[PDB]
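A.B. asks: Sequence first, structure after, both from an experimental entry:
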Amino acid sequence: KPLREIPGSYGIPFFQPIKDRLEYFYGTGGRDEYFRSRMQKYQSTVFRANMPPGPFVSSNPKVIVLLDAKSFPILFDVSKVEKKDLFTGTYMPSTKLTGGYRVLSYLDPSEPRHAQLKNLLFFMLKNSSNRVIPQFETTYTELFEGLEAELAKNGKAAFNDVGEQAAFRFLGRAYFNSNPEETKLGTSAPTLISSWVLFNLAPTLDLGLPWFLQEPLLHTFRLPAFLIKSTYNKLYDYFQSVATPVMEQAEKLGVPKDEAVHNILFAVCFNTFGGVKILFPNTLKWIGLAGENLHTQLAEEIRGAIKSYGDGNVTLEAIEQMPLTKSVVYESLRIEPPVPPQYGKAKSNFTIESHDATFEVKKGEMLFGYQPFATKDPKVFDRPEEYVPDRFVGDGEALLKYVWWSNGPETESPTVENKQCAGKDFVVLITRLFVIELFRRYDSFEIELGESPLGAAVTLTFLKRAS
Ligand code: HEM
């Protein structure tokens, strides 16, 4: 792995980053092709490039792109990369969109608030551990029934929307033992959230609209924050009134209730809901396309495990007896990371290596990793583009080191020192719970795919119940 200069060019200072983003958003093949073509052009998995949003929302679009399993890990090393205000890349949404505060996700570990706020969330998680499984069953059973009816009535049932409502209803129940639907919020939370998220991420979001529409009004200037305050406040009122026990733990940690509510709202709506809104449909899709053989093997493992080690109910002890289910969730997180982009700013001069070279990174340079390419490295995973259910079973566990959906090796856990997802254990558990409730109720099912900015819109067409 001989030392080499990083290939790639940032081009003319204002012209290039705009041209590059047009390619990124409208070029044939999408952002995937954007990265694959440069890879081919430079015969390298590491190269220089501009990234959106460009020219007005961002004052520095320059980055070093990482696409292989060997160089990517640098993004985890907080001793070498700073993780300040780069949660969303080369720009940061306005803090007016977050109560005037810089919430946890944007804080570098060297910031006192990072440890405080993260500990606050660890509290919120731990403090709900006994509601997770019970509330999940209740919430998702509701969802499934609803889907069965809709299906029985129209032959087809869209999953996304109603799944989002379930996700949010589930979170209020688990996190705060509250049903958001039994409040002013009704079933509109998924809509209020998406709306608020649009304002934050518009600069880098592809809504599938014509460039002559997206460029002038989504990709050049930040959207006026005052327009979304009405919406934001509705969410704020909910959390402020139902997160009392967490808000108090905050003050004990040294954080005012105000700043607590804003951070809580963010973690639940942005971090959690945002990730689940994507993770679940994707998991449902991969499973659905796996075939009947897998459906039977899963239904079989899960039911037997529940009955033999759960005594009729779902319990941690039982989940531990479902090796295929565990692998199935891990494969879904590997093949299609819910949140693909991770950034890191070099705190000093150091070197990194890809599979065939070494590169010098100079202090201040922005490192960027497109996870989907990194976790599909053929030199790590055989048949990387295929969904292999038992990939992580038995000896497969030796690879968990490479599943990076949480912005860290799956084998590691979030700490106040690192920037790994604070709810890592929670999402893996609730995802396993999703698969579980799915195969207790059904033996098999079929789906059809649509198109959207979430990747794939899933629609259920058949539901063979257990009975
Ligand atoms: C499947 C759903 C989820 C996915 C895919 C996901 C993904 C991620 C990723 C990729 C990061 C790293 C961002 C970066 O610095 O570049 C992150 C950070 C974080 N996530 Fe999640 N997350 C999920 C659910 C949750 C949940 C449910 C919580 C709630 C407690 C949570 C809390 C956090 C926090 C607090 C951070 C920042 C931690 C820090 O500042 O060190 N996440 N998440």
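C.D. replies: Received the coordinates, thanks. Numbering: from 1, shown residues only.
A.B. asks: can you give me the strands in the protein?
C.D. replies: 46-50, 62-66, 81-82, 157-158, 341-346, 350-353, 358-361, 366-370, 442-449, 458-465 (DSSP state E).
A.B. asks: contact partners of the last one?
C.D. replies: So that's strand 458-465. 147-148, 151, 155-160, 281, 284-285, 288, 441-450 (CB atoms under 8 Å, 6 or more residues apart in numbering). Backbone N, C-alpha and C define where each C-beta goes, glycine included.
A.B. asks: Quick one: distance of it to the chain centre.
C.D. replies: 25 Å (CA atoms, centre = their mean, to the nearest Å).
A.B. asks: One more: the first one?
C.D. replies: Averaging C-alpha coordinates over strand 46-50 and over its chain gives two centres that are 24 Å apart (CA atoms, centre = their mean).
A.B. asks: mind listing what's buried in that strand?
C.D. replies: Going by neighbour count (16 or more other CB atoms under 10 Å), the buried part of strand 46-50 is 46-50.
A.B. asks: These into CSV, with extra columns for distance to the ligand?
C.D. replies: Formatted as CSV, the buried residues of strand 46-50 follow (distance: CB to the nearest ligand atom, whole Å):
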residue, distance to the ligand
46, 19
47, 20
48, 20
49, 18
50, 19
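A.B. asks: Max pairwise distance over those: which two?
C.D. replies: With CB to CB as the measure, no two of those lie farther apart than 46 and 50, at 15.6 Å.
A.B. asks: separation between the closest residue to residue 4 other than its chain neighbours and residue 342?
C.D. replies: Leaving aside its chain neighbours, residue 4 sits nearest to residue 357 (4.6 Å; criterion: CB to CB, 6 or more residues apart in numbering). Applying CB to CB, to the nearest Å, the value for residue 357 to residue 342 is 21 Å.
A.B. asks: the more surrounded of the two?
C.D. replies: Taking other CB atoms under 10 Å, residue 357 and residue 342 do not tie; residue 342 has more neighbours (25 against 20).
A.B. asks: can I assume the more buried one is in contact with residue 408?
C.D. replies: No - the criterion here is CB atoms under 8 Å, and residue 342 misses it with residue 408 at 9.8 Å.
A.B. asks: and stretch 120-131, how far out from the chain's middle?
C.D. replies: That offset, for stretch 120-131, works out to 20 Å (CA atoms, centre = their mean).
A.B. asks: Mind listing what's buried along it?
C.D. replies: 120-125, 128, 131.
A.B. asks: Among those, which one lies nearest to the ligand?
C.D. replies: residue 121 (4.5 Å; CB to the nearest ligand atom).
A.B. asks: List the residues that contact the closest one.
C.D. replies: Contacts of residue 121 (CB under 8 Å, 6+ apart): 104, 263, 267, 422-423.
A.B. asks: Over to residue 18?
C.D. replies: Contacts of residue 18 by CB under 8 Å, 6+ apart are 54-55.
A.B. asks: how far away is it from the ligand?
C.D. replies: Counting by CB to the nearest ligand atom, to the nearest Å, the separation of residue 18 from the ligand is 25 Å.
A.B. asks: Any residues of this protein in contact with the ligand? List them.
C.D. replies: 83, 87, 104-105, 107, 114, 118, 121, 125, 267, 271-272, 275-276, 279, 338-339, 342, 405-407, 419, 421-423, 426-427 (CB under 6 Å from any ligand atom).
A.B. asks: What subset of these is buried?
C.D. replies: Neighbour counting by 16+ other CB under 10 Å classes 83, 87, 104-105, 107, 114, 118, 121, 125, 267, 271-272, 275-276, 279, 338, 342, 405-407, 419, 421-423, 426-427 among the residues of the chain next to the ligand as buried.
A.B. asks: Give the buried residues for the helix ranked longest in the chain.
C.D. replies: The longest helix of the chain (DSSP state H) is helix 132-154. In terms of neighbour count (16+ other CB under 10 Å), helix 132-154 has its buried residues at 132-133, 135-137, 139-140, 142-144, 147-148, 151.
A.B. asks: The closest residue to residue 403 other than its chain neighbours: neighbour count?
C.D. replies: Nearest residue to residue 403 in three dimensions, chain neighbours excluded: residue 410, at 3.9 Å (CB to CB, 6+ apart). Neighbour count of residue 410, defined by other CB under 10 Å: 21.
A.B. asks: for the one 3 residues further on, same thing?
C.D. replies: Taking other CB under 10 Å as the neighbour definition, residue 413 ends up with a count of 14.
A.B. asks: Thought residue 426 was touching it, still the case?
C.D. replies: No - the pair residue 413 / residue 426 is not scored as a contact, 11.5 Å apart, by CB under 8 Å.
A.B. asks: count of neighbours near residue 203?
C.D. replies: Neighbours around residue 203, by other CB under 10 Å: 24.
A.B. asks: Touching, it and residue 55? I think so.
C.D. replies: No - with contact defined as CB under 8 Å, residue 203 does not count as touching residue 55 (10.4 Å).
A.B. asks: All good on my end, thank you.
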